[PDB]
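Below is model37.cif, holding mmCIF, C-alpha atoms and all ligand atoms.
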```
data_model
#
loop_
_atom_site.label_atom_id
_atom_site.label_comp_id
_atom_site.auth_asym_id
_atom_site.auth_seq_id
_atom_site.Cartn_x
_atom_site.Cartn_y
_atom_site.Cartn_z
CA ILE A 1 19.51 168.79 47.92
CA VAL A 2 18.60 170.20 51.37
CA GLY A 3 21.47 170.80 53.86
CA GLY A 4 24.19 170.12 51.27
CA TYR A 5 27.07 172.05 49.79
CA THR A 6 28.07 173.48 46.46
CA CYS A 7 29.98 170.63 44.82
CA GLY A 8 32.45 172.64 42.75
CA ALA A 9 32.28 172.84 39.00
CA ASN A 10 32.63 169.53 37.22
CA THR A 11 33.74 167.65 40.36
CA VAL A 12 30.82 165.17 39.80
CA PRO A 13 31.56 164.58 36.09
CA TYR A 14 29.09 161.71 35.67
CA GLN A 15 26.12 163.92 36.85
CA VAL A 16 23.75 164.89 34.03
CA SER A 17 20.76 167.20 33.90
CA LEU A 18 17.75 165.98 31.98
CA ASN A 19 16.16 168.93 30.12
CA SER A 20 12.76 169.21 28.38
CA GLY A 21 12.93 172.96 28.00
CA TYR A 22 13.99 173.20 31.65
CA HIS A 23 15.88 171.02 34.07
CA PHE A 24 13.58 168.35 35.49
CA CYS A 25 15.65 165.48 36.80
CA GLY A 26 19.18 164.22 37.23
CA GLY A 27 20.89 161.16 35.82
CA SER A 28 24.23 159.38 35.74
CA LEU A 29 26.47 158.80 32.71
CA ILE A 30 27.44 155.08 32.73
CA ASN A 31 29.34 155.03 29.38
CA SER A 32 29.66 157.36 26.43
CA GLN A 33 26.19 156.47 25.07
CA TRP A 34 23.97 155.75 28.13
CA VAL A 35 22.52 157.43 31.14
CA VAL A 36 20.79 155.85 34.12
CA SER A 37 17.91 157.81 35.69
CA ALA A 38 14.64 157.14 37.55
CA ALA A 39 11.67 155.75 35.58
CA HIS A 40 9.46 158.35 37.33
CA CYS A 41 11.57 160.99 35.47
CA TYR A 42 10.28 159.68 32.14
CA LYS A 43 9.28 162.46 29.67
CA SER A 44 9.15 162.32 25.88
CA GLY A 45 11.67 164.69 24.20
CA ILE A 46 14.61 164.61 26.69
CA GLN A 47 17.87 166.39 26.03
CA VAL A 48 20.79 165.18 28.16
CA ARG A 49 23.11 167.97 29.43
CA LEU A 50 26.58 166.79 30.50
CA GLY A 51 29.42 168.87 31.88
CA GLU A 52 27.00 171.19 33.69
CA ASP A 53 27.64 173.25 36.74
CA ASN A 54 25.32 176.24 36.51
CA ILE A 55 22.31 174.94 34.61
CA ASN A 56 21.23 178.49 33.66
CA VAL A 57 24.56 179.70 32.20
CA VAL A 58 26.49 178.17 29.31
CA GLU A 59 29.96 178.14 30.91
CA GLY A 60 31.91 176.26 28.21
CA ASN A 61 32.25 172.63 29.31
CA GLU A 62 28.76 171.39 28.45
CA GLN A 63 27.71 168.82 25.92
CA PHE A 64 24.01 168.87 24.99
CA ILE A 65 22.95 165.60 23.34
CA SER A 66 19.34 164.63 22.50
CA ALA A 67 18.11 161.29 23.74
CA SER A 68 17.34 158.81 21.00
CA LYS A 69 15.65 156.22 23.20
CA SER A 70 14.40 155.92 26.78
CA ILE A 71 13.73 152.47 28.33
CA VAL A 72 11.77 152.34 31.57
CA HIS A 73 12.36 149.12 33.55
CA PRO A 74 9.97 146.39 32.41
CA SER A 75 8.64 145.96 36.00
CA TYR A 76 8.47 149.66 36.94
CA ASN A 77 5.45 150.28 39.14
CA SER A 78 4.71 154.04 39.25
CA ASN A 79 2.38 153.53 42.25
CA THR A 80 4.95 152.03 44.61
CA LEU A 81 8.07 153.21 42.70
CA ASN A 82 9.35 149.64 42.80
CA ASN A 83 11.92 149.31 40.01
CA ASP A 84 12.28 153.09 39.64
CA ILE A 85 15.06 152.96 36.99
CA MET A 86 15.27 153.98 33.37
CA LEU A 87 17.98 153.96 30.71
CA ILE A 88 18.40 156.81 28.30
CA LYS A 89 20.43 156.35 25.10
CA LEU A 90 22.17 159.43 23.63
CA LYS A 91 21.80 160.15 19.97
CA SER A 92 25.58 160.53 19.72
CA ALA A 93 28.36 159.45 22.16
CA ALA A 94 29.58 161.96 24.61
CA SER A 95 33.24 163.03 24.33
CA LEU A 96 34.66 161.78 27.57
CA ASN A 97 37.10 164.17 29.26
CA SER A 98 37.98 165.47 32.70
CA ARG A 99 34.65 167.15 33.14
CA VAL A 100 32.37 164.53 31.40
CA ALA A 101 33.03 161.04 32.65
CA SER A 102 31.25 157.78 33.32
CA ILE A 103 30.55 156.24 36.71
CA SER A 104 31.08 152.46 37.23
CA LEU A 105 28.20 150.18 37.86
CA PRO A 106 28.48 148.12 41.02
CA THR A 107 29.58 144.51 41.33
CA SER A 108 28.29 144.16 44.86
CA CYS A 109 25.62 146.02 46.74
CA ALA A 110 26.75 148.75 49.13
CA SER A 111 26.84 148.25 52.91
CA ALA A 112 24.59 149.88 55.50
CA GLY A 113 26.57 152.71 57.11
CA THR A 114 28.49 153.60 53.96
CA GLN A 115 28.68 157.34 53.32
CA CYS A 116 27.64 158.08 49.74
CA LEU A 117 27.65 161.21 47.58
CA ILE A 118 24.18 162.37 46.37
CA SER A 119 24.02 165.33 44.00
CA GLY A 120 21.58 167.37 42.02
CA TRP A 121 19.90 170.66 41.14
CA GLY A 122 16.75 169.99 43.23
CA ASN A 123 15.12 172.03 45.91
CA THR A 124 17.29 173.17 48.77
CA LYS A 125 14.53 173.84 51.29
CA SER A 126 12.80 171.34 53.58
CA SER A 127 9.90 173.85 54.04
CA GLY A 128 9.37 175.92 50.98
CA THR A 129 11.07 176.10 47.65
CA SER A 130 14.38 177.32 46.27
CA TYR A 131 16.12 175.78 43.32
CA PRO A 132 19.86 176.33 42.91
CA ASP A 133 21.55 177.06 39.66
CA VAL A 134 24.82 175.34 40.51
CA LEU A 135 25.14 171.59 41.39
CA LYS A 136 24.68 170.71 45.07
CA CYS A 137 26.14 167.69 46.87
CA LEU A 138 25.40 165.83 50.08
CA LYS A 139 27.18 163.01 51.93
CA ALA A 140 24.65 160.65 53.41
CA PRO A 141 24.97 157.22 54.94
CA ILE A 142 22.97 154.15 53.87
CA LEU A 143 20.54 153.14 56.61
CA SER A 144 19.76 149.57 57.66
CA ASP A 145 16.84 147.78 55.91
CA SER A 146 15.02 147.47 59.20
CA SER A 147 15.37 151.27 59.91
CA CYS A 148 14.15 152.06 56.33
CA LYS A 149 11.13 149.73 56.74
CA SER A 150 10.33 151.27 60.19
CA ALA A 151 10.31 154.76 58.54
CA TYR A 152 8.03 153.72 55.69
CA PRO A 153 5.98 150.67 56.89
CA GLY A 154 4.56 148.50 54.09
CA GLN A 155 6.30 150.62 51.38
CA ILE A 156 9.95 149.41 51.10
CA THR A 157 10.78 146.63 48.65
CA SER A 158 14.06 144.77 48.29
CA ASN A 159 14.80 147.10 45.33
CA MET A 160 14.98 150.21 47.59
CA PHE A 161 17.27 151.47 50.31
CA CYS A 162 17.15 154.46 52.59
CA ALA A 163 19.98 156.94 53.10
CA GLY A 164 20.20 160.11 55.12
CA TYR A 165 19.67 161.37 58.63
CA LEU A 166 16.67 160.45 60.76
CA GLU A 167 17.01 163.75 62.74
CA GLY A 168 16.09 165.65 59.50
CA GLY A 169 17.84 168.60 57.89
CA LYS A 170 19.87 166.83 55.15
CA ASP A 171 18.33 164.98 52.19
CA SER A 172 17.75 164.96 48.46
CA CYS A 173 14.52 166.59 47.24
CA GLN A 174 12.31 167.38 44.25
CA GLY A 175 14.35 167.99 41.15
CA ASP A 176 17.18 165.72 42.35
CA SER A 177 15.15 162.64 41.19
CA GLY A 178 16.98 160.36 38.87
CA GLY A 179 20.40 161.54 39.98
CA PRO A 180 23.20 159.51 41.50
CA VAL A 181 23.98 158.04 44.86
CA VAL A 182 27.67 157.07 44.58
CA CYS A 183 29.23 154.87 47.22
CA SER A 184 32.88 153.75 47.10
CA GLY A 185 33.12 155.04 43.59
CA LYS A 186 30.14 153.08 42.11
CA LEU A 187 26.59 154.04 41.25
CA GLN A 188 24.62 152.35 44.03
CA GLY A 189 21.40 154.41 44.11
CA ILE A 190 19.10 156.62 42.13
CA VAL A 191 17.18 159.44 43.78
CA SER A 192 13.65 158.04 43.89
CA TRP A 193 11.29 159.23 46.66
CA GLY A 194 10.69 160.15 50.30
CA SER A 195 8.04 161.87 52.41
CA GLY A 196 8.84 165.50 51.90
CA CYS A 197 12.52 166.39 52.09
CA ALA A 198 14.78 166.42 55.15
CA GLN A 199 11.89 165.76 57.55
CA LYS A 200 12.53 163.97 60.83
CA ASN A 201 12.14 160.12 60.56
CA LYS A 202 11.59 160.34 56.81
CA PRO A 203 14.97 159.65 55.11
CA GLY A 204 15.39 159.52 51.33
CA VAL A 205 14.52 156.32 49.44
CA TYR A 206 16.72 155.30 46.59
CA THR A 207 16.50 152.67 43.81
CA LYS A 208 18.99 149.84 44.59
CA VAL A 209 21.05 149.87 41.41
CA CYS A 210 23.02 146.70 42.24
CA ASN A 211 19.81 144.69 41.66
CA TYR A 212 19.62 145.98 38.05
CA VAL A 213 23.10 145.46 36.67
CA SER A 214 22.16 142.33 34.70
CA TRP A 215 19.14 144.21 33.11
CA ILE A 216 21.32 147.22 32.35
CA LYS A 217 24.03 145.16 30.72
CA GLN A 218 21.64 143.12 28.59
CA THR A 219 19.70 146.16 27.61
CA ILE A 220 22.75 148.11 26.54
CA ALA A 221 23.95 144.97 24.66
CA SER A 222 20.73 145.08 22.67
CA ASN A 223 20.06 148.80 21.92
CA CA A 301 25.81 175.43 32.20
#
```

Any chance you could give the structure as structure tokens?
Amino acid sequence: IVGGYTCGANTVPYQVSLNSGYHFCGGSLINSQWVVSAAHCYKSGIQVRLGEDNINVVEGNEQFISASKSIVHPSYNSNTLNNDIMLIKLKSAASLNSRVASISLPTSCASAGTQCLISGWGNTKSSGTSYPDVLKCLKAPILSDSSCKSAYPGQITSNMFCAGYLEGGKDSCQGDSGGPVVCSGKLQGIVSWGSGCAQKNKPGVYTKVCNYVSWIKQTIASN
């Protein structure tokens, strides 16, 4: 997250870190057994880390649970990132508590203009590289479809939305991929892509989770 703030330990209790020997992507706990992330964060051998604040110190509220299954969307296209969503099943259910909690899936899609909370352990520099240890947060508004398509001509599908600041300076970034965009208390986006991070006229692009709720529900009903 570039231009964000330190969230505060366990104040984003549905945020997970995906670990394959190191943190590589975020995700969102949607019930005790399932995490939603980005399909471009697929790796074999994922361990889900819940209750994290500092990802490099065991502070006492973590649960580390191996994934048993990952399910990339059936229509994921890794070239365009259309349908950039994946489900990860935990080998064992998380113990839900004040620091490890699920986020609701949406009933309706979020509105342009809505300020959402984006979080993660990704890079905090627009130019250069610095990865935080503790979870960072950003409030960013959803941008109109026409603004998003003007920023990325011929690249935005109906399964993507933009959020952020066209003047630059505030955005998600590498290493935040897969993590949540929460708007009015529901998971509305997944950190997916953008041109650089926090560059002028190049806002973040997010997977539109409200288009996937039927797939998520039927998949979790089946696995
Ligand atoms: Ca930790």

Leaving out residue 51 (chain A) and any residue of its chain fewer than 3 positions from it, which residues lie within 12 Å of it when counting only C-alpha atoms, given as a PyMOL selection string? chain A and resi 8-17+28-29+48+54-55+57-65+94-102+134-135

Per-residue nearest contacts region 7-112 of chain A to region 149-158 of chain A, cut-off 12 Å, using only C-alpha atoms, as JSON lines:
```
{"residue": "A:77", "atom": "CA", "partner": "A:157", "partner_atom": "CA", "distance": 11.5}
{"residue": "A:79", "atom": "CA", "partner": "A:155", "partner_atom": "CA", "distance": 10.4}
{"residue": "A:80", "atom": "CA", "partner": "A:155", "partner_atom": "CA", "distance": 7.0}
{"residue": "A:81", "atom": "CA", "partner": "A:155", "partner_atom": "CA", "distance": 9.2}
{"residue": "A:82", "atom": "CA", "partner": "A:157", "partner_atom": "CA", "distance": 6.7}
{"residue": "A:83", "atom": "CA", "partner": "A:157", "partner_atom": "CA", "distance": 9.1}
{"residue": "A:84", "atom": "CA", "partner": "A:157", "partner_atom": "CA", "distance": 11.2}
{"residue": "A:109", "atom": "CA", "partner": "A:158", "partner_atom": "CA", "distance": 11.7}
```

May I have the selected residues written with C-alpha atoms, as a CSV table (one decimal), keeping the file's coordinate frame?
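Now in selection-v2.csv:
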```
chain,number,residue,atom,x,y,z
A,77,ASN,CA,5.4,150.3,39.1
A,79,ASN,CA,2.4,153.5,42.2
A,80,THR,CA,5.0,152.0,44.6
A,81,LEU,CA,8.1,153.2,42.7
A,82,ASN,CA,9.4,149.6,42.8
A,83,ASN,CA,11.9,149.3,40.0
A,84,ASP,CA,12.3,153.1,39.6
A,109,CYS,CA,25.6,146.0,46.7
```

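Coordinates place CA of residue 88 (chain A) at a distance of 28.7 Å from CA of residue 170 (chain A).
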
Residue with the minimum atom-to-atom distance to ligand CA 301 (chain A), picked from A:172, A:164, A:2, A:133 with all atoms listed in the file counted, is A:133

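Surrounding residues of (31.4, 149.6, 37.2) at most 9 Å away are residues 30, 103, 104, 105, 106, 107, 185, 186 and 187 of chain A (based on all atoms listed in the file).
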
Restricting the calculation to all atoms listed in the file, which member of A:184, A:33, A:222, A:56 is positioned closest to ligand CA 301 (chain A)? A:56

Could you please determine the separation between CA of residue 37 (chain A) and CA of residue 175 (chain A) in Å, to one decimal place? 12.1 Å

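Across A:44, A:114, A:195, A:119, the tightest approach to residue 163 (chain A) is made by A:114 when counting only C-alpha atoms.
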
When you count all atoms listed in the file, which of these residues is closest to residue 123 (chain A): A:92, A:177, A:75, A:199? A:177

For residue 167 (chain A), which residue among A:139, A:189, A:200, A:181 is the nearest when counting all atoms listed in the file? A:200

Tell me, as a list in words, which residues lie within 12 Å of residue 112 (chain A), counting all atoms listed in the file; anything in the same chain fewer than 4 positions away does not count. residues 116, 140, 141, 142, 143, 144, 145, 146, 147, 148, 161, 162, 163, 164, 183 and 188 of chain A

Dump as a PDB file, in the coordinates of the input, selection limited to C-alpha atoms:
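Contents of the output file selection15.pdb:
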```
ATOM      1  CA  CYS A 116      27.640 158.080  49.740  1.00  0.00           C
ATOM      2  CA  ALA A 140      24.650 160.650  53.410  1.00  0.00           C
ATOM      3  CA  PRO A 141      24.970 157.220  54.940  1.00  0.00           C
ATOM      4  CA  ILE A 142      22.970 154.150  53.870  1.00  0.00           C
ATOM      5  CA  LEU A 143      20.540 153.140  56.610  1.00  0.00           C
ATOM      6  CA  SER A 144      19.760 149.570  57.660  1.00  0.00           C
ATOM      7  CA  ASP A 145      16.840 147.780  55.910  1.00  0.00           C
ATOM      8  CA  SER A 146      15.020 147.470  59.200  1.00  0.00           C
ATOM      9  CA  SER A 147      15.370 151.270  59.910  1.00  0.00           C
ATOM     10  CA  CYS A 148      14.150 152.060  56.330  1.00  0.00           C
ATOM     11  CA  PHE A 161      17.270 151.470  50.310  1.00  0.00           C
ATOM     12  CA  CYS A 162      17.150 154.460  52.590  1.00  0.00           C
ATOM     13  CA  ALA A 163      19.980 156.940  53.100  1.00  0.00           C
ATOM     14  CA  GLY A 164      20.200 160.110  55.120  1.00  0.00           C
ATOM     15  CA  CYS A 183      29.230 154.870  47.220  1.00  0.00           C
ATOM     16  CA  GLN A 188      24.620 152.350  44.030  1.00  0.00           C
TER      17      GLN A 188
END
```

Show which residues sit within 12 Å of residue 129 (chain A), as a count of residues only. Count all atoms listed in the file, and ignore same-chain residues fewer than 4 positions away. 11

CA of residue 70 (chain A) to CA of residue 53 (chain A), distance in Å rounded to a single decimal: 24.0 Å
